[PDB]
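Sharing a structure with you now.
Counting convention: from 1, in listed order, for ligands and their atoms alike. Count residues from 1 along the sequence.
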Amino acid sequence: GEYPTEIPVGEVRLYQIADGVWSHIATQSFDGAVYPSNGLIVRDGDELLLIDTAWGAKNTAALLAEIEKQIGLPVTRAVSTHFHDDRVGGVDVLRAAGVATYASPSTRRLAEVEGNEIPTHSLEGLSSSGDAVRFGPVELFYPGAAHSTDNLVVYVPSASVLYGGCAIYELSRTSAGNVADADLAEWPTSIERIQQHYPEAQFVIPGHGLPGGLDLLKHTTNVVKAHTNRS
Ligand SMILES: O=C(O)[C@H]1CCCCN1C(=O)[C@@H](CS)Cc1ccccc1
Ligand SMILES: [Zn+2]
Ligand SMILES: [Zn+2]
Ligand SMILES: [Zn+2]
Ligand SMILES: [Zn+2]
């Protein structure tokens, strides 16, 4: 029961999941309510891989300061898992600090169209549903369209940690979130692909809220199908 929930906006908290694996947790206010957001940090030798910004430039500056204070290793690369602002908002801060920023070509194009910040580098090998590539200490996986058409998930083999980003919902969320960019028809099949490729996952991190087990995948499918049938 130690995962942070406790976090004023502008602040960022780190949570150690395993040796060399942390999540980062930040908050943002939207329509008068406060939402948490998760990302991932993975050690690779004496450097760090960052997965996703902390949802905004100010939060992302605080994230880098937090990392410097608590871990003290340099973030040398970062990956954004889809084109929304809680994933790419802060890429310019990362870039100014010397972090090499990455995303899939689809994510970079969608970010551009949205007027969002655009990661510098393009990830190859992730164009088709079911594609996976090794990227430093993690595997990147494109499960197919779900929360967005471009969304990636991240697996840490040394720790059996599956980071689902916003394609996976926390258990406390029982109604669909922002699905304006989603492929509702394909989302359960994409979740099916995650389960098929990472059935040994022990720790599953949603894009927002509390980690759990692989039960978060069927929970998300249930919420998405209920939203599909809404009326
Ligand atoms: O996915 C979701 O569950 C919904 C609802 C729960 C929190 C996050 N959330 C959001 O929308 C975030 C990041 S995805 C804000 C956003 C703004 C503009 C465009 C996309 C997203
Ligand atoms: Zn999103
Ligand atoms: Zn570069
Ligand atoms: Zn999100
Ligand atoms: Zn449920």
Side-chain angles (χ1 to χ4, degrees), residues 5 7 9 24-39 47 49-57 59-60 74-92 94-124 135-136 142-154 163-184 186-187 190-191 205-210 216-217 219-224 226-228 230:
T5 59
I7 308 177
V9 184
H24 62 84
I25 308 90
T27 49
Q28 200 49 272
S29 67
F30 166 81
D31 281 336
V34 181
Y35 295 92
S37 191
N38 299 314
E47 309 169 7
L49 174 64
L50 177 67
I51 310 293
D52 290 327
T53 66
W55 198 352
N59 281 2
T60 298
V75 181
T76 54
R77 291 185 292 180
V79 174
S80 294
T81 57
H82 71 277
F83 73 97
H84 287 158
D85 196 51
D86 60 328
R87 313 288 136 189
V88 299
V91 152
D92 287 356
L94 298 180
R95 181 151 51 216
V99 177
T101 55
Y102 289 73
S104 76
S106 179
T107 293
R108 293 179 70 259
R109 178 184 299 116
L110 287 161
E112 203 202 326
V113 168
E114 201 67 19
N116 292 346
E117 298 156 69
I118 304 161
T120 290
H121 287 275
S122 293
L123 294 164
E124 293 318 327
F135 196 81
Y142 175 51
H147 161 90
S148 62
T149 60
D150 60 319
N151 48 203
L152 303 180
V153 303
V154 179
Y163 173 79
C166 310
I168 301 305
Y169 286 179
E170 74 169 321
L171 297 177
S172 299
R173 169 166 287 284
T174 59
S175 59
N178 168 25
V179 299
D181 293 314
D183 190 326
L184 294 170
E186 280 308 315
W187 195 335
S190 302
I191 286 178
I205 303 167
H208 306 269
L210 295 187
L216 269 61
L217 275 62
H219 165 71
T220 303
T221 293
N222 289 341
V223 175
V224 168
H227 178 81
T228 293
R230 72 197 180 284

Candidate list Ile25, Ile168, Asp86, test side chain to side chain contact (heavy atoms under 4.5 Å, CB included), partner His208, passing option:
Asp86
Decide side-chain hydrogen bond (donor to acceptor under 3.5 Å, both in side chains) for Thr149 and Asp183; before the verdict, give the C-alpha distance in whole Å, the side-chain angles of both, and the deciding distance to 0.1 Å.
CA-CA 7 Å; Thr149 60; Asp183 190 326; over 6 Å; no
Take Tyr142 and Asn151 through the side-chain hydrogen bond (donor to acceptor under 3.5 Å, both in side chains) test and state the conclusion after the steps.
CA-CA 7 Å; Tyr142 175 51; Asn151 48 203; 5.6 Å; no
Among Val223, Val179, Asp85, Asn178, which residue places a heavy atom closest to atom 2 (C) of ligand 1?
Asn178
Under 4.0 Å from ligand 1, counting heavy atoms only, is it the side chain of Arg173, its backbone, both or neither?
side chain
Ligand 1 atoms nearer than 4.0 angstrom to some heavy atom of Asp86 are 13 (C), 14 (S)
Contact partition for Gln28 relative to ligand 1, non-hydrogen atoms under 4.0 Å
neither
Just need the protein heavy atom nearest to atom 12 (C) of ligand 1, so name the residue and atom and give the distance.
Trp55 CZ2, 4.0 Å
Give a yes/no answer: is there an N/O/S atom of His82 under 2.8 Å from the Zn ion (ligand 2)?
yes
Of the protein's non-hydrogen atoms, which lies at the shortest distance from atom 14 (S) of ligand 1, and what is that distance?
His84 ND1, 3.3 Å
Side-chain H-bond candidate by donor/acceptor type, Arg173 with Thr220, under 3.5 Å
no
Between the side chains of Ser104 and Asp150, is a donor N or O closer than 3.5 angstrom to an acceptor N or O?
no
For atom 3 (O) of ligand 1, what is the nearest protein heavy atom, given as residue, atom name and distance?
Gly177 CA, 3.5 Å
Report the part of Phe30 in contact with ligand 1, treating N, CA, C, O as backbone and CB onward as side chain, heavy atoms under 4.0 Å; options are side chain, backbone, both, neither.
neither
Of all N, O or S atoms in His84, identify the one at the shortest distance from the Zn ion (ligand 2).
ND1
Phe135 ring centre to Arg77 NZ or CZ under 6.0 Å, with the angle to the axis within 45°?
yes
Applying the side chain to side chain contact (heavy atoms under 4.5 Å, CB included) criterion to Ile51, which one of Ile205, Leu152, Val79 satisfies it?
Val79
Run the side-chain hydrogen bond (donor to acceptor under 3.5 Å, both in side chains) test on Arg95 and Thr120 for me, step by step, so that the C-alpha distance in whole Å, both residues' side-chain angles and the decisive distance to 0.1 Å come before the verdict.
CA-CA 8 Å; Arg95 181 151 51 216; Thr120 290; 2.9 Å; yes
Per-atom contacts of ligand 1 with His147, taking only distances under 4.0 Å to non-hydrogen atoms
1 (O), 14 (S)
Tell me which N, O or S atom of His147 sits nearest to the Zn ion (ligand 2).
NE2
